[PDB]
Structures are given as structure tokens and as C-alpha cells.
Amino acid sequence: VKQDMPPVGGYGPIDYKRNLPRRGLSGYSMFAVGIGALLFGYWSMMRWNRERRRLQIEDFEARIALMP
Amino acid sequence: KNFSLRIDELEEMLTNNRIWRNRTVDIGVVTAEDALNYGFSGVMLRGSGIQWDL
């Protein structure tokens, strides 16, 4: 017998495609969810700032009543 | 098999990478007459114009 290195009856194929998934969101959906979380942060920001101004006015009234 | 996957991952990393494309857009213009008279060969001729492969 002979003992070279042949391929055994043929081998499987190997791909040659530029395999790209291009996944992720679109323009509109990513854009809208970013602006939506932005507006959520704005609303909570507005609420905290106006309640904070209430308390800071109370601090002003403390210094007024303390002064003379 | 492993190398087909790794060259796909290289094309994932670079190759539609924004800033590497922005680095290389329109640098190295080659006229086909300049490609012939200046004696460029191979991947230059493959990459600009002539359908020439040995």
C-alpha cells in the first residue's frame, strides 16, 4: 500500500461571504427613544427645581426673621 | 474555517469604520496612463482601472 496525504473522499466547503448582521435600531426609533428619555429627564428636573426653590425661599425667610 | 470567521471579524472592526474611512477617501489618485507609464503593477493596477491579472 501507499501512505501519502490525500483528502478523504472530499471535504466540506468553507464560506466566502462578507457576513454582516447590521443589527441595532433604525434612525427613527433610536432618535425617538433618546429624545423621550431626554424629555423625561426634563420633566423630573423641572419638578425638583421648583420644589427646591420653595425650600430656598424658606431659607430666605429664616434669614429675614433672624436679622434685627 | 476559523480564518473566514476572523476576516469577517476584521471587517467588523475596521472597514465601514468611520474615522479610518475619513482618513482615507481621496488620497493617491492614479491616472491609468500614469499607471502604465509609471510601471505600477499588481494591486495598484488591480485597484485603479485595468482588468489585468497574470
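Chain order of the listed sequences is A and B. Quick note, the first sequence lines up with residues 1 to 68 if you use this note's numbering. Quick note, the second sequence lines up with residues 101 to 154 if you use this note's numbering. Cβ atoms here follow ideal geometry from the backbone N, Cα and C, with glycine treated the same way.
Handout entry: 8 angstroms Cβ cutoff, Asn49 of chain A in contact with chain B
Key = With 8 angstroms as the cut-off, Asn49 of chain A does not count as an interface residue toward chain B.
Practice task
Pull up the CB-CB distance for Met144 of chain B and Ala135 of chain B, whole angstroms please, since I reckon it's below 8 angstroms.
Solution key: Confirmed, Cβ separation roughly 6 angstroms.
Problem - N-terminal and C-terminal residue of the alpha helix (DSSP H) that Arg63 of chain A is part of - result: That run of the alpha helix (DSSP H) goes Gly27 to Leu66.
Handout entry: Distance CB(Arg22 of chain A)-CB(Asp108 of chain B) smaller than 8 angstroms
Key = One thing to note: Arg22 of chain A has its Cβ no nearer than 8 angstroms to the Cβ of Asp108 of chain B.
Handout entry: C-beta neighbour in chain C for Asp108 of chain B, strict 8 angstroms
Key = Absent from the structure is chain C; the protein chains it does hold are A and B.
Practice task
Kindly indicate if chain B contains any beta-carbon less than 8 angstroms away from that of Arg63 of chain A.
Solution key: Contact with chain B is absent for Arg63 of chain A, since none of that chain's Cβ atoms lies less than 8 angstroms from the residue's Cβ.
Practice task
Determine the chain B residues that contact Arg18 of chain A at a beta-carbon separation under 8 angstroms, and present them in chain order.
Solution key: Going along chain B in sequence order, the residues near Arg18 of chain A (Cβ under 8 angstroms) are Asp108 and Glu111.
Practice task
Give the residues of chain B in contact with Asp15 of chain A, contact being defined as C-beta atoms less than 7 angstroms apart.
Solution key: Ordered by position in chain B, the residues that pass the 7 angstroms Cβ test against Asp15 of chain A are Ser104.
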